[PDB]
Amino acid sequence: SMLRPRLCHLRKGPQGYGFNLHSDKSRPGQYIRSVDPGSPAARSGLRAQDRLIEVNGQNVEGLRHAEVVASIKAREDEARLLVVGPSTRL
């Protein structure tokens with residue numbers, strides 16, 4: 001239904017997943033800065049400007065960048081990323 005976070009199931013490829021994970025200088029959280037065309041990331045439903053909520057079922061909102069990276073890299077084959085699209089308080 002509307003405005004639900006989306007589970008993106010990425011199947012790792014030979015060059016990884018094909019996205020860039022970024023911290024923001026103004027908002028807490030980790031975000032998808034870009035998604036390589038035709039990558040495992042793209043096929044999973046991930047999009048630039050998505051915000052990461054969970055990795056493999058575990059909430060990552062309290063973690064430092066390096067720890068979130070480690071969590072994504074934990075399984076050889078895959079990563080399950082729960083994400084939401086951009087939002088702004090007005």
# chains A, B, ... in the order shown; residues from 1 in each chain; ligands from 1
>>> select_by_dssp(residues="chain A", states="strand (DSSP E or B)", output="PyMOL selection string")
chain A and resi 6-11+13+16+19-23+30-35+51-55+58-59+78-84
>>> residues_around(residues="residue 15 (chain A)", least_positions_apart="2", cutoff="10 Å", atoms="only C-alpha atoms", output="number ranges by chain")
A: 12-13, 17-18, 39-40
>>> residues_around(residues="residue 64 (chain A)", least_positions_apart="3", cutoff="12 Å", atoms="only C-alpha atoms", output="PDB file with C-alpha atoms, in the first residue's frame")
ATOM      1  CA  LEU A  21      25.990   4.490  -0.146  1.00  0.00           C
ATOM      2  CA  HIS A  22      26.324   8.016   1.278  1.00  0.00           C
ATOM      3  CA  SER A  23      26.092   9.853   4.626  1.00  0.00           C
ATOM      4  CA  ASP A  24      24.417  13.291   4.537  1.00  0.00           C
ATOM      5  CA  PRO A  28      21.111  11.617   9.895  1.00  0.00           C
ATOM      6  CA  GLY A  29      21.018   8.371   7.939  1.00  0.00           C
ATOM      7  CA  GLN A  30      22.556   6.485   5.063  1.00  0.00           C
ATOM      8  CA  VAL A  60      20.661   0.317  10.852  1.00  0.00           C
ATOM      9  CA  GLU A  61      19.459   3.801  11.661  1.00  0.00           C
ATOM     10  CA  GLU A  67      29.076  -0.351  10.265  1.00  0.00           C
ATOM     11  CA  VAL A  68      26.232  -0.020   7.742  1.00  0.00           C
ATOM     12  CA  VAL A  69      28.706  -0.926   4.958  1.00  0.00           C
ATOM     13  CA  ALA A  70      29.798  -3.983   6.975  1.00  0.00           C
ATOM     14  CA  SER A  71      26.195  -5.019   7.477  1.00  0.00           C
TER      15      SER A  71
END
>>> atom_distance(atom1="CA of residue 56 (chain A)", atom2="CA of residue 72 (chain A)")
7.7 Å
>>> closest_residue(among="A:25, A:65, A:73, A:80", to="residue 41 (chain A)", atoms="only C-alpha atoms")
A:80
>>> residues_around(residues="region 2-7 of chain A", least_positions_apart="3", cutoff="8 Å", atoms="only C-alpha atoms", output="list in words")
residues 80, 81, 82, 83, 84 and 85 of chain A
>>> atom_distance(atom1="CA of residue 35 (chain A)", atom2="CA of residue 55 (chain A)")
17.1 Å
>>> residues_around(residues="residue 43 (chain A)", least_positions_apart="5", cutoff="9 Å", atoms="only C-alpha atoms", output="compact mmCIF listing (two decimals) with C-alpha atoms, in the first residue's frame")
# COMPACT_ATOMS: atom_id res chain seq x y z
CA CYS A 8 14.89 -4.54 -2.14
CA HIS A 9 16.48 -7.99 -2.51
CA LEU A 10 19.87 -7.61 -4.21
CA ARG A 11 21.66 -10.60 -5.67
CA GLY A 38 21.69 -2.47 -15.25
>>> atom_distance(atom1="CA of residue 31 (chain A)", atom2="CA of residue 59 (chain A)")
14.0 Å
